[PDB]
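J.: Below you'll find start_2.csv; it's CSV, C-alpha atoms.
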chain,number,residue,atom,x,y,z
U,2,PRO,CA,65.5,76.3,107.2
U,3,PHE,CA,68.6,78.4,106.3
U,4,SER,CA,69.2,76.5,103.0
U,5,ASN,CA,70.3,77.3,99.5
U,6,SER,CA,67.0,75.9,98.3
U,7,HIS,CA,67.3,78.0,95.1
U,8,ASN,CA,70.7,76.7,94.0
U,9,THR,CA,69.0,73.3,94.2
U,10,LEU,CA,66.1,74.8,92.1
U,11,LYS,CA,68.6,76.2,89.5
U,12,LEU,CA,69.8,72.6,89.3
U,13,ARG,CA,66.3,71.7,88.0
U,14,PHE,CA,67.3,73.6,84.9
U,15,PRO,CA,69.9,72.2,82.4
U,16,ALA,CA,73.3,73.8,82.7
U,17,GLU,CA,73.0,75.4,79.3
U,18,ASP,CA,69.8,77.2,80.3
U,19,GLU,CA,71.5,78.9,83.3
U,20,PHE,CA,74.8,79.5,81.4
U,21,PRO,CA,75.3,83.3,81.0
U,22,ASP,CA,75.4,84.9,77.6
U,23,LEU,CA,78.9,86.3,77.5
U,24,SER,CA,79.1,86.9,73.7
U,25,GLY,CA,80.3,90.5,73.9
U,26,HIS,CA,82.2,90.4,77.1
U,27,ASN,CA,85.8,91.5,77.6
U,28,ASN,CA,86.9,90.3,81.0
U,29,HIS,CA,89.1,87.5,82.4
U,30,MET,CA,86.1,85.5,83.6
U,31,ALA,CA,84.4,85.3,80.2
U,32,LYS,CA,87.7,84.2,78.6
U,33,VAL,CA,87.9,81.2,81.0
U,34,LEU,CA,84.3,80.1,81.7
U,35,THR,CA,83.2,77.4,79.4
U,36,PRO,CA,79.8,75.6,79.4
U,37,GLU,CA,81.7,72.5,80.6
U,38,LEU,CA,83.5,74.3,83.5
U,39,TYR,CA,80.2,75.9,84.5
U,40,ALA,CA,78.3,72.6,84.6
U,41,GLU,CA,81.1,71.2,86.8
U,42,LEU,CA,81.1,74.1,89.3
U,43,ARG,CA,77.4,75.2,89.5
U,44,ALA,CA,76.6,72.5,92.1
U,45,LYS,CA,79.4,73.5,94.6
U,46,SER,CA,79.2,76.0,97.4
U,47,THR,CA,81.6,77.2,100.1
U,48,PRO,CA,80.8,76.7,103.8
U,49,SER,CA,79.0,80.1,103.9
U,50,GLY,CA,76.8,79.4,100.9
U,51,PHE,CA,78.8,81.3,98.2
U,52,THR,CA,78.3,79.9,94.7
U,53,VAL,CA,79.8,80.1,91.3
U,54,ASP,CA,76.9,82.3,90.1
U,55,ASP,CA,77.9,84.7,93.0
U,56,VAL,CA,81.5,84.6,91.9
U,57,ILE,CA,80.8,85.6,88.3
U,58,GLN,CA,77.7,87.9,88.6
U,59,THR,CA,79.6,91.2,88.3
U,60,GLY,CA,81.4,89.8,85.3
U,61,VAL,CA,78.1,88.9,83.6
U,62,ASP,CA,76.5,92.3,84.3
U,63,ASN,CA,79.5,94.3,83.1
U,64,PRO,CA,80.7,93.5,79.5
U,65,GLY,CA,83.8,95.6,80.3
U,66,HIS,CA,85.8,97.9,78.1
U,67,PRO,CA,86.8,97.2,74.4
U,68,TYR,CA,90.4,97.9,75.2
U,69,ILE,CA,90.7,97.6,79.0
U,70,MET,CA,90.4,94.2,80.6
U,71,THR,CA,88.8,93.8,84.0
U,72,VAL,CA,88.8,90.5,86.0
U,73,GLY,CA,85.0,90.0,86.1
U,74,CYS,CA,84.6,88.0,89.3
U,75,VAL,CA,85.0,88.2,93.1
U,76,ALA,CA,85.6,86.0,96.1
U,77,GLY,CA,83.0,86.0,98.8
U,78,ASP,CA,85.0,84.3,101.6
U,79,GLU,CA,88.4,82.8,102.1
U,80,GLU,CA,87.3,79.3,100.9
U,81,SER,CA,86.1,80.7,97.6
U,82,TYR,CA,89.6,80.6,96.2
U,83,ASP,CA,89.9,76.9,97.0
U,84,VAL,CA,86.4,75.7,96.2
U,85,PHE,CA,86.4,77.4,92.8
U,86,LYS,CA,90.1,77.1,92.0
U,87,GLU,CA,89.4,75.6,88.6
U,88,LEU,CA,88.0,79.0,87.7
U,89,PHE,CA,90.3,81.3,89.7
U,90,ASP,CA,93.6,79.6,89.0
U,91,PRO,CA,93.6,80.1,85.2
U,92,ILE,CA,92.4,83.7,85.8
U,93,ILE,CA,95.2,84.3,88.3
U,94,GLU,CA,97.7,82.9,85.8
U,95,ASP,CA,96.6,85.3,83.0
U,96,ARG,CA,96.2,88.3,85.2
U,97,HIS,CA,99.5,87.9,87.1
U,98,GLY,CA,101.9,87.2,84.3
U,99,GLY,CA,102.1,83.4,84.4
U,100,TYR,CA,101.8,82.9,88.2
U,101,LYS,CA,101.0,79.2,88.4
U,102,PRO,CA,99.0,77.0,90.8
U,103,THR,CA,102.3,75.7,92.3
U,104,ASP,CA,104.2,79.0,92.7
U,105,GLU,CA,104.8,80.5,96.1
U,106,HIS,CA,104.5,84.1,97.4
U,107,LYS,CA,106.8,85.7,99.9
U,108,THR,CA,105.7,88.3,102.3
U,109,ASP,CA,108.2,90.8,103.8
U,110,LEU,CA,107.1,93.8,105.8
U,111,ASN,CA,110.6,94.6,107.3
U,112,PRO,CA,111.4,98.2,106.3
U,113,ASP,CA,115.1,97.7,107.0
U,114,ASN,CA,115.4,95.5,103.8
U,115,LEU,CA,114.5,98.5,101.6
U,116,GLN,CA,117.8,100.0,100.2
U,117,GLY,CA,117.3,103.6,99.4
U,118,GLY,CA,114.2,105.7,98.9
U,119,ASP,CA,114.8,108.5,101.5
U,120,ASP,CA,116.1,110.9,98.9
U,121,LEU,CA,114.0,110.9,95.8
U,122,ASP,CA,114.4,114.4,94.2
U,123,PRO,CA,111.4,116.5,95.5
U,124,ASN,CA,111.8,118.7,92.5
U,125,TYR,CA,110.2,115.9,90.5
U,126,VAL,CA,108.5,113.8,93.1
U,127,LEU,CA,105.5,115.7,94.5
U,128,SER,CA,104.2,112.9,96.8
U,129,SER,CA,104.6,109.3,97.9
U,130,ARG,CA,102.1,106.7,99.1
U,131,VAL,CA,101.7,103.0,99.9
U,132,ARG,CA,98.3,101.3,100.2
U,133,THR,CA,97.1,97.8,100.7
U,134,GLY,CA,94.1,95.8,101.9
U,135,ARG,CA,93.4,93.1,104.5
U,136,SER,CA,90.6,90.6,105.4
U,137,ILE,CA,89.9,89.3,108.9
U,138,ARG,CA,89.7,85.4,108.9
U,139,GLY,CA,86.4,84.0,110.0
U,140,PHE,CA,84.3,86.7,108.3
U,141,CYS,CA,82.8,86.7,104.8
U,142,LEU,CA,84.1,89.3,102.4
U,143,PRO,CA,82.0,92.4,101.5
U,144,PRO,CA,80.1,91.0,98.5
U,145,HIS,CA,78.6,88.4,100.9
U,146,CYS,CA,79.0,89.5,104.6
U,147,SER,CA,75.9,90.0,106.7
U,148,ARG,CA,75.0,93.0,108.8
U,149,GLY,CA,76.2,91.1,111.9
U,150,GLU,CA,79.6,90.3,110.4
U,151,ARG,CA,80.1,93.8,109.1
U,152,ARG,CA,79.4,95.3,112.6
U,153,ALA,CA,81.7,92.8,114.3
U,154,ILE,CA,84.5,93.8,112.0
U,155,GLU,CA,83.9,97.5,112.6
U,156,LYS,CA,83.9,97.1,116.4
U,157,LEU,CA,87.1,95.0,116.2
U,158,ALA,CA,88.9,97.5,113.9
U,159,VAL,CA,87.9,100.5,116.0
U,160,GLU,CA,89.1,99.3,119.4
U,161,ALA,CA,92.4,98.3,117.9
U,162,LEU,CA,92.8,101.6,116.1
U,163,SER,CA,91.9,103.5,119.3
U,164,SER,CA,94.9,101.8,120.9
U,165,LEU,CA,97.5,103.4,118.6
U,166,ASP,CA,99.6,106.1,120.2
U,167,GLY,CA,102.3,108.7,119.4
U,168,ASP,CA,102.8,109.2,115.6
U,169,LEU,CA,99.7,106.9,115.0
U,170,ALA,CA,97.2,108.4,117.4
U,171,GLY,CA,94.0,109.5,115.6
U,172,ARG,CA,90.3,109.5,115.4
U,173,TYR,CA,87.4,107.5,113.8
U,174,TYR,CA,84.5,108.8,111.8
U,175,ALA,CA,81.4,106.6,111.3
U,176,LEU,CA,79.8,107.3,107.9
U,177,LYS,CA,76.3,107.5,109.2
U,178,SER,CA,77.0,110.0,112.0
U,179,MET,CA,79.5,112.1,110.1
U,180,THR,CA,78.7,115.9,110.1
U,181,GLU,CA,78.7,118.2,107.1
U,182,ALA,CA,81.6,120.1,108.6
U,183,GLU,CA,83.6,116.9,109.1
U,184,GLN,CA,82.7,115.7,105.6
U,185,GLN,CA,84.1,119.0,104.1
U,186,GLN,CA,87.4,118.6,105.9
U,187,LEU,CA,87.7,115.0,104.7
U,188,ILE,CA,87.0,116.0,101.1
U,189,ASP,CA,89.6,118.8,101.3
U,190,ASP,CA,92.1,116.1,102.5
U,191,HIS,CA,91.0,113.5,99.9
U,192,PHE,CA,90.3,111.0,102.7
U,193,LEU,CA,86.6,110.5,102.1
U,194,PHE,CA,84.9,107.6,100.4
U,195,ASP,CA,81.2,107.3,99.6
U,196,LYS,CA,78.8,104.7,98.3
U,197,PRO,CA,80.6,103.2,95.1
U,198,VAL,CA,79.4,104.5,91.7
U,199,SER,CA,81.3,101.8,89.7
U,200,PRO,CA,78.7,99.2,88.4
U,201,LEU,CA,81.5,96.7,88.7
U,202,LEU,CA,81.4,97.0,92.5
U,203,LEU,CA,77.6,97.6,92.7
U,204,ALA,CA,76.7,94.5,90.7
U,205,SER,CA,78.6,92.3,93.3
U,206,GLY,CA,76.3,93.2,96.2
U,207,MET,CA,79.0,94.9,98.3
U,208,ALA,CA,76.9,98.1,98.8
U,209,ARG,CA,74.1,96.5,100.8
U,210,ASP,CA,73.0,98.3,104.0
U,211,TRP,CA,75.1,101.4,103.1
U,212,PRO,CA,76.4,103.2,105.2
U,213,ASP,CA,75.8,100.8,108.2
U,214,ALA,CA,79.2,99.8,109.8
U,215,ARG,CA,81.4,101.8,107.3
U,216,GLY,CA,84.0,104.2,108.6
U,217,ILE,CA,87.1,106.3,108.2
U,218,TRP,CA,90.1,106.6,110.6
U,219,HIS,CA,93.3,108.7,110.2
U,220,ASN,CA,96.1,109.9,112.5
U,221,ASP,CA,96.3,113.5,113.7
U,222,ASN,CA,99.3,114.1,111.4
U,223,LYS,CA,97.2,112.9,108.4
U,224,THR,CA,99.9,110.5,107.1
U,225,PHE,CA,98.1,107.2,107.9
U,226,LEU,CA,94.6,106.5,106.6
U,227,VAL,CA,92.4,103.4,107.2
U,228,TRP,CA,89.0,102.6,105.5
U,229,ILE,CA,86.7,100.2,107.2
U,230,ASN,CA,84.3,97.9,105.3
U,231,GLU,CA,84.4,99.6,101.9
U,232,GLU,CA,85.8,97.4,99.1
U,233,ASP,CA,87.6,95.1,101.6
U,234,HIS,CA,87.4,94.7,105.4
U,235,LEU,CA,90.4,97.1,105.7
U,236,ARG,CA,92.1,99.4,103.3
U,237,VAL,CA,95.3,101.0,104.8
U,238,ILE,CA,97.2,103.9,103.3
U,239,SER,CA,100.4,105.7,104.2
U,240,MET,CA,101.4,108.9,102.5
U,241,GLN,CA,103.0,112.3,102.7
U,242,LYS,CA,104.3,115.3,100.6
U,243,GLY,CA,107.7,114.8,99.0
U,244,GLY,CA,109.9,112.0,97.9
U,245,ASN,CA,110.9,110.2,101.1
U,246,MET,CA,109.4,106.9,100.1
U,247,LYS,CA,111.4,105.2,102.9
U,248,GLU,CA,109.6,107.1,105.7
U,249,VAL,CA,106.2,106.4,104.1
U,250,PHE,CA,107.0,102.6,103.8
U,251,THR,CA,108.3,102.5,107.4
U,252,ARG,CA,105.2,104.1,108.8
U,253,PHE,CA,103.1,101.7,106.6
U,254,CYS,CA,104.9,98.6,108.0
U,255,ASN,CA,104.9,99.9,111.6
U,256,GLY,CA,101.2,100.7,111.5
U,257,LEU,CA,100.3,97.4,109.9
U,258,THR,CA,102.2,95.3,112.3
U,259,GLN,CA,100.8,97.0,115.4
U,260,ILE,CA,97.2,96.5,114.1
U,261,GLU,CA,97.9,92.9,113.3
U,262,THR,CA,99.5,92.4,116.8
U,263,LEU,CA,96.4,93.9,118.6
U,264,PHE,CA,94.1,91.6,116.5
U,265,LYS,CA,96.2,88.5,117.3
U,266,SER,CA,96.0,89.3,121.0
U,267,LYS,CA,92.3,88.8,120.7
U,268,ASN,CA,92.8,85.7,118.5
U,269,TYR,CA,91.9,87.1,115.1
U,270,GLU,CA,94.1,86.7,112.0
U,271,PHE,CA,94.4,88.3,108.5
U,272,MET,CA,93.4,85.9,105.7
U,273,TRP,CA,96.7,84.6,104.3
U,274,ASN,CA,98.3,81.4,102.8
U,275,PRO,CA,101.7,80.5,101.2
U,276,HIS,CA,100.3,80.5,97.7
U,277,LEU,CA,98.2,83.6,97.3
U,278,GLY,CA,99.6,85.7,100.1
U,279,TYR,CA,96.9,88.0,101.5
U,280,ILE,CA,93.4,87.2,100.5
U,281,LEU,CA,91.2,90.0,99.2
U,282,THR,CA,87.9,90.4,97.4
U,283,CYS,CA,89.3,91.1,93.9
U,284,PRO,CA,91.7,88.6,92.4
U,285,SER,CA,93.8,91.5,91.0
U,286,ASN,CA,94.9,92.5,94.6
U,287,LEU,CA,96.2,89.1,95.7
U,288,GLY,CA,99.7,88.5,97.1
U,289,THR,CA,100.6,91.9,98.6
U,290,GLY,CA,97.6,93.8,97.5
U,291,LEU,CA,100.1,96.7,97.4
U,292,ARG,CA,100.2,99.8,95.3
U,293,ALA,CA,103.3,102.0,96.0
U,294,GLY,CA,103.4,105.2,93.9
U,295,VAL,CA,104.5,108.8,93.4
U,296,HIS,CA,103.2,111.9,91.7
U,297,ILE,CA,106.1,112.8,89.5
U,298,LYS,CA,106.7,115.5,86.9
U,299,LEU,CA,108.1,114.1,83.6
U,300,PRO,CA,107.0,116.7,81.0
U,301,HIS,CA,109.8,115.7,78.7
U,302,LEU,CA,109.9,111.9,78.5
U,303,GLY,CA,106.1,112.1,78.9
U,304,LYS,CA,106.1,112.9,75.2
U,305,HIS,CA,109.0,110.5,74.3
U,306,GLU,CA,108.5,107.6,71.9
U,307,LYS,CA,110.1,105.2,74.4
U,308,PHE,CA,108.3,106.1,77.7
U,309,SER,CA,106.0,103.2,77.1
U,310,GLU,CA,108.8,100.7,76.7
U,311,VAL,CA,110.8,102.0,79.7
U,312,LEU,CA,108.0,101.6,82.1
U,313,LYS,CA,107.4,98.0,80.9
U,314,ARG,CA,111.1,97.2,81.4
U,315,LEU,CA,111.0,98.7,84.9
U,316,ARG,CA,107.7,97.0,85.8
U,317,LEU,CA,105.9,100.2,86.5
U,318,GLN,CA,102.5,101.5,85.3
U,319,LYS,CA,101.1,105.0,85.0
U,320,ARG,CA,97.9,107.0,85.1
U,321,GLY,CA,96.5,110.3,86.3
U,330,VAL,CA,99.0,115.5,80.9
U,331,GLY,CA,100.5,118.6,82.5
U,332,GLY,CA,103.6,116.5,82.8
U,333,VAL,CA,102.5,115.0,86.1
U,334,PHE,CA,102.0,111.2,86.2
U,335,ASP,CA,101.0,108.7,88.8
U,336,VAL,CA,103.6,106.0,88.7
U,337,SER,CA,103.4,102.8,90.7
U,338,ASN,CA,104.5,99.1,90.7
U,339,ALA,CA,102.6,96.9,88.3
U,340,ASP,CA,103.0,93.6,90.1
U,341,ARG,CA,101.1,92.4,93.1
U,342,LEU,CA,101.6,88.6,93.4
U,343,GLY,CA,105.0,86.9,93.1
U,344,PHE,CA,107.1,89.7,94.7
U,345,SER,CA,107.3,90.8,98.3
U,346,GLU,CA,106.3,94.2,99.6
U,347,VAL,CA,110.0,95.3,99.9
U,348,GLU,CA,110.8,94.1,96.4
U,349,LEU,CA,107.9,96.1,94.9
U,350,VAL,CA,108.7,99.3,96.8
U,351,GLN,CA,112.4,98.7,95.8
U,352,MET,CA,111.4,98.6,92.1
U,353,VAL,CA,109.6,101.9,92.5
U,354,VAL,CA,112.5,103.6,94.2
U,355,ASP,CA,115.1,102.4,91.7
U,356,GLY,CA,112.8,102.8,88.7
U,357,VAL,CA,111.9,106.4,89.8
U,358,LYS,CA,115.5,107.7,90.1
U,359,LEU,CA,116.2,106.2,86.7
U,360,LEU,CA,113.1,107.9,85.4
U,361,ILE,CA,114.5,111.2,86.8
U,362,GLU,CA,117.8,110.6,85.2
U,363,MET,CA,116.1,110.2,81.8
U,364,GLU,CA,114.1,113.4,82.3
U,365,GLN,CA,117.3,115.4,83.2
U,366,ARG,CA,118.9,114.2,79.9
U,367,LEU,CA,116.0,115.5,77.9
U,368,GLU,CA,116.0,118.8,79.8
U,369,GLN,CA,119.6,119.3,78.7
U,370,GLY,CA,119.0,118.1,75.1
U,371,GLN,CA,121.0,114.9,75.4
U,372,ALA,CA,119.4,111.6,74.2
U,373,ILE,CA,118.2,108.8,76.5
U,374,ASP,CA,119.8,105.9,74.7
U,375,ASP,CA,122.6,104.8,77.1
U,376,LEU,CA,120.1,104.9,80.0
U,377,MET,CA,117.7,102.3,78.8
U,378,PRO,CA,117.3,99.5,81.3
U,379,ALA,CA,117.0,95.8,80.7
U,380,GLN,CA,113.7,94.0,81.3
U,381,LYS,CA,113.4,93.5,85.1
As structure tokens, please, write out the structure in this file.

T.:
Amino acid sequence: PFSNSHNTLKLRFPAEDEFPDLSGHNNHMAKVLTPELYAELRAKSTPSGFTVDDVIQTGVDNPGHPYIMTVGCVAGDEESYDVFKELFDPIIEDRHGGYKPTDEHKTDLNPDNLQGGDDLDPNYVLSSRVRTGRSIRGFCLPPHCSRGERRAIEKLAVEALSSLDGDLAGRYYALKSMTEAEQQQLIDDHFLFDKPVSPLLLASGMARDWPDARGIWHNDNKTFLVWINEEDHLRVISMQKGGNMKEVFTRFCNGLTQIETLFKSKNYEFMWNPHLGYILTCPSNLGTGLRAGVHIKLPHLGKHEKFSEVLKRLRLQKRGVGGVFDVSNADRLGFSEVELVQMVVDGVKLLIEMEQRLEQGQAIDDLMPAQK
């Protein structure tokens, strides 16, 4: 009797006895979950059996970081976001700068709407990349998917990828049958992924059956990479050496649309809706689930008192020093793919202009931008 006979058991206990102790937690979920909201949601379940305890588990197990906030919850299927919207909506509002339950998201994967980006100064921009994720409708997300679902996804993904030609022809590598020699090459290229080490991922149950049905695919030119069944059904990355962000984004769009077209011919669709855009496992990657970035050398303003305020105004974020930073868009939901990449292209050349002032010895006052 395939039945959530336990959720019914848990219901034999008063809500307060099952309520998690979140006293020292620093994540979006703990900030929103009240004993009242919990009692209201603990009886619900999505069509696939996903519950509120499943949504919040990773947030209960991981207190988080004293200064860095993490989301603390995951979706297990497309319906999760609707069935538990009373928990997800306020979290989405806080995590995505006021994005409200009534706002709409616009998708735009037309590379011709991107203004410049084909000439970022290579003397400062070492590399460029664009990555995103996708979920196939009808299948549960990684925290919840069964072995059958995972394998169906891999078969579907592999036959579509094997159909790509020309600039996008490549090969697939199943994790379980990968050789040491192949693994070495993948590591040297920075294309490899292994069983997650992050307890945030582990605590959600997404690592079950490792490495069954997990795989890596990339084209012969090594400019297009796809991960299958790791954190999301699909993770797609487009990159190359240099500052030609436009070519990277065009390949990204071209590769995405072809894969989507092949899936549609077989009657499969990516999880998507007008309000949250593309649906993925972690609420922080909703909308476009896109991260467009560059490895840029900014030794001078990297030490400036204003760098922090400039990034904020341009809507960029950093991470990685030796003067080399990883700069990418900070937004995910509420802007289209084109707009996000556009903000990285315009924001980067301004960033370069400010670095060239400091090289000379001139101040960077007249170059400060207005909050975008």

J.: Using all atoms listed in the file, which protein or nucleic acid residues come within 7 Å of residue 229 in chain U? Drop anything in the same chain fewer than 5 positions from it, and give the result as a ChimeraX atom specification.

T.: /U:155,215-217,234-236

J.: Fewer than 5 positions away in the same chain doesn't count, so skip those; otherwise give me all residues within 10 Å of residue 122 in chain U, counting only C-alpha atoms, as a ChimeraX atom specification.

T.: /U:127,243-245,297,357-358,361

J.: Using all atoms listed in the file, find the one residue out of U:199, U:49, U:350, U:36 that sits nearest to residue 5 in chain U.

T.: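 Of all the options, U:49 lies closest to residue 5 in chain U.
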
J.: Restricting the calculation to all atoms listed in the file, which member of U:228, U:140, U:194, U:253 is positioned closest to residue 48 in chain U?

T.: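 Closest to residue 48 in chain U of all the choices is U:140.
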
J.: Kindly indicate which residue among U:172, U:130, U:45, U:145 lies nearest to residue 84 in chain U, using only C-alpha atoms for the distances.

T.: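 With only C-alpha atoms as the atom set, the closest residue is U:45.
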
J.: I'd like the neighbourhood of residue 35 in chain U as an mmCIF file with C-alpha atoms, in the coordinates of the input, where a residue qualifies if any of its atoms comes within 12 Å (using only C-alpha atoms), though same-chain residues fewer than 5 positions away should be ignored.

T.:
data_model
loop_
_atom_site.group_PDB
_atom_site.id
_atom_site.type_symbol
_atom_site.label_atom_id
_atom_site.label_comp_id
_atom_site.auth_asym_id
_atom_site.auth_seq_id
_atom_site.Cartn_x
_atom_site.Cartn_y
_atom_site.Cartn_z
ATOM 1 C CA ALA U 16 73.300 73.800 82.700
ATOM 2 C CA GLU U 17 73.000 75.400 79.300
ATOM 3 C CA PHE U 20 74.800 79.500 81.400
ATOM 4 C CA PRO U 21 75.300 83.300 81.000
ATOM 5 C CA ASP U 22 75.400 84.900 77.600
ATOM 6 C CA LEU U 23 78.900 86.300 77.500
ATOM 7 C CA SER U 24 79.100 86.900 73.700
ATOM 8 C CA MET U 30 86.100 85.500 83.600
ATOM 9 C CA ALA U 40 78.300 72.600 84.600
ATOM 10 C CA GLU U 41 81.100 71.200 86.800
ATOM 11 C CA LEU U 42 81.100 74.100 89.300
ATOM 12 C CA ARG U 43 77.400 75.200 89.500
ATOM 13 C CA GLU U 87 89.400 75.600 88.600
ATOM 14 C CA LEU U 88 88.000 79.000 87.700
#

J.: Which of these, U:176, U:254, U:142, U:169, has the shortest distance to residue 206 in chain U once you count all atoms listed in the file?

T.: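 Counting all atoms listed in the file, the residue closest to residue 206 in chain U is U:142.
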
J.: Kindly indicate which residue among U:182, U:373, U:170, U:108 lies nearest to residue 306 in chain U, using all atoms listed in the file for the distances.

T.: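 Selected residue with least distance to residue 306 in chain U: U:373.
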
J.: Using only C-alpha atoms, pick whichever of U:196, U:301, U:7, U:151 has the shortest atom-to-atom distance to residue 137 in chain U.

T.: U:151

J.: Which residues are near residue 204 in chain U? Cut-off 8 Å, only C-alpha atoms, ignore same chain within fewer than 4 positions. Put them as an NGL selection string.

T.: :U and (58-59 or 62 or 200)

J.: What is the CA of residue 149 in chain U to CA of residue 232 in chain U distance in Å?

T.: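 A separation of 17.2 Å between them.
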
J.: Name the residues within 10 Å of (74.0, 102.2, 101.8), counting all atoms listed in the file in the file's coordinates, and put them as an mmCIF file with C-alpha atoms, in the frame of the given file.

T.:
data_model
loop_
_atom_site.group_PDB
_atom_site.id
_atom_site.type_symbol
_atom_site.label_atom_id
_atom_site.label_comp_id
_atom_site.auth_asym_id
_atom_site.auth_seq_id
_atom_site.Cartn_x
_atom_site.Cartn_y
_atom_site.Cartn_z
ATOM 1 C CA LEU U 176 79.800 107.300 107.900
ATOM 2 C CA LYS U 177 76.300 107.500 109.200
ATOM 3 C CA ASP U 195 81.200 107.300 99.600
ATOM 4 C CA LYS U 196 78.800 104.700 98.300
ATOM 5 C CA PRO U 197 80.600 103.200 95.100
ATOM 6 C CA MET U 207 79.000 94.900 98.300
ATOM 7 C CA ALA U 208 76.900 98.100 98.800
ATOM 8 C CA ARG U 209 74.100 96.500 100.800
ATOM 9 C CA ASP U 210 73.000 98.300 104.000
ATOM 10 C CA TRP U 211 75.100 101.400 103.100
ATOM 11 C CA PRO U 212 76.400 103.200 105.200
ATOM 12 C CA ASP U 213 75.800 100.800 108.200
ATOM 13 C CA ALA U 214 79.200 99.800 109.800
ATOM 14 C CA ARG U 215 81.400 101.800 107.300
#

J.: Take CA of residue 281 in chain U and CA of residue 69 in chain U and report the distance between them in Å, one decimal.

T.: 21.6 Å

J.: Could you add the missing atoms to range 66-80 of chain U, up to N, CA and C atoms, and return them as a PDB file, in the coordinates of the input?

T.:
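Once written, out_39.pdb looks like this:
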ATOM      1  N   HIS U  66      85.366  96.922  79.012  1.00  0.00           N
ATOM      2  CA  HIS U  66      85.800  97.900  78.100  1.00  0.00           C
ATOM      3  C   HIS U  66      86.479  97.285  76.861  1.00  0.00           C
ATOM      4  N   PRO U  67      86.181  97.776  75.648  1.00  0.00           N
ATOM      5  CA  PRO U  67      86.800  97.200  74.400  1.00  0.00           C
ATOM      6  C   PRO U  67      88.287  97.083  74.442  1.00  0.00           C
ATOM      7  N   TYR U  68      88.981  98.001  75.112  1.00  0.00           N
ATOM      8  CA  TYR U  68      90.400  97.900  75.200  1.00  0.00           C
ATOM      9  C   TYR U  68      91.018  97.632  76.564  1.00  0.00           C
ATOM     10  N   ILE U  69      90.246  97.872  77.616  1.00  0.00           N
ATOM     11  CA  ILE U  69      90.700  97.600  79.000  1.00  0.00           C
ATOM     12  C   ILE U  69      90.071  96.371  79.577  1.00  0.00           C
ATOM     13  N   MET U  70      90.897  95.404  79.966  1.00  0.00           N
ATOM     14  CA  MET U  70      90.400  94.200  80.600  1.00  0.00           C
ATOM     15  C   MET U  70      90.260  94.263  82.073  1.00  0.00           C
ATOM     16  N   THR U  71      89.124  93.785  82.563  1.00  0.00           N
ATOM     17  CA  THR U  71      88.800  93.800  84.000  1.00  0.00           C
ATOM     18  C   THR U  71      88.727  92.265  84.336  1.00  0.00           C
ATOM     19  N   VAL U  72      88.818  91.928  85.615  1.00  0.00           N
ATOM     20  CA  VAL U  72      88.800  90.500  86.000  1.00  0.00           C
ATOM     21  C   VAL U  72      87.379  89.891  85.827  1.00  0.00           C
ATOM     22  N   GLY U  73      86.323  90.563  86.270  1.00  0.00           N
ATOM     23  CA  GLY U  73      85.000  90.000  86.100  1.00  0.00           C
ATOM     24  C   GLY U  73      84.454  89.004  87.093  1.00  0.00           C
ATOM     25  N   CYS U  74      85.081  88.902  88.259  1.00  0.00           N
ATOM     26  CA  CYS U  74      84.600  88.000  89.300  1.00  0.00           C
ATOM     27  C   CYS U  74      85.187  88.305  90.643  1.00  0.00           C
ATOM     28  N   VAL U  75      84.526  87.861  91.707  1.00  0.00           N
ATOM     29  CA  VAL U  75      85.000  88.200  93.100  1.00  0.00           C
ATOM     30  C   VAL U  75      84.912  86.949  93.967  1.00  0.00           C
ATOM     31  N   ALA U  76      85.647  87.021  95.069  1.00  0.00           N
ATOM     32  CA  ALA U  76      85.600  86.000  96.100  1.00  0.00           C
ATOM     33  C   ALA U  76      84.670  86.455  97.158  1.00  0.00           C
ATOM     34  N   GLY U  77      83.966  85.534  97.812  1.00  0.00           N
ATOM     35  CA  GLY U  77      83.000  86.000  98.800  1.00  0.00           C
ATOM     36  C   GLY U  77      83.456  85.586 100.244  1.00  0.00           C
ATOM     37  N   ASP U  78      84.482  84.749 100.322  1.00  0.00           N
ATOM     38  CA  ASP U  78      85.000  84.300 101.600  1.00  0.00           C
ATOM     39  C   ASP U  78      86.374  83.683 101.294  1.00  0.00           C
ATOM     40  N   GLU U  79      87.107  83.326 102.342  1.00  0.00           N
ATOM     41  CA  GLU U  79      88.400  82.800 102.100  1.00  0.00           C
ATOM     42  C   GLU U  79      88.375  81.467 101.335  1.00  0.00           C
ATOM     43  N   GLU U  80      87.409  80.606 101.631  1.00  0.00           N
ATOM     44  CA  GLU U  80      87.300  79.300 100.900  1.00  0.00           C
ATOM     45  C   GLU U  80      86.962  79.400  99.446  1.00  0.00           C
TER      46      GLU U  80
END
